[PDB]
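Coming up is one lone chain in structure tokens, specifically the form deposited in one PDB entry.
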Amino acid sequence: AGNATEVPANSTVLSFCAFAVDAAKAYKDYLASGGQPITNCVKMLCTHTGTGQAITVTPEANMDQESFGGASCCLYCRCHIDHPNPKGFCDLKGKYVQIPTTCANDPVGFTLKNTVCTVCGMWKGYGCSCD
């Protein structure tokens, strides 16, 4: 009974991060020790004529990004563990996240390590233009 959500390629990393005291540090350390990024994310088929903004209600990938379903790019959603903000609510689940094509091999790690500019809504370094 029930419906599988995962594939065997993710068992090791998800088990490791599900038990970790600090899940973000565990995923970064797992990647640094040569572990494969989390796969089976929700990658979107989109026009690539979007605004390029980082977190949006509909897919907004431009020609240099891929759009993904938000919960699928969140380490805390993927491991079914507490989100580290005081209210415990997710900022990615229920939205789409635009990830640079050069980083789309590891959308979970990309969102973990990067920050969105609160003024223009683009990722810092990819490419928030306001200094």
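Residue numbers here begin at 1 and follow the sequence given.
What comes next is about the form deposited with a small molecule bound, which is not displayed.
In the bound PDB entry, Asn10 stays away from the small molecule, with no heavy atom inside 4.5 Å. Mapping the unseen interface onto this chain, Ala20 falls outside it, with no heavy atom inside 4.5 Å of the small molecule in the bound PDB entry. At a distance threshold of 4.5 angstroms between non-hydrogen atoms, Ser15 is out of contact with the small molecule in the bound PDB entry. The small molecule in the bound PDB entry comes within 4.5 Å of no heavy atom belonging to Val42. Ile55 is the sole member of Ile55, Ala71, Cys46, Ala104 with a non-hydrogen atom within 4.5 Å of the small molecule in the bound PDB entry.
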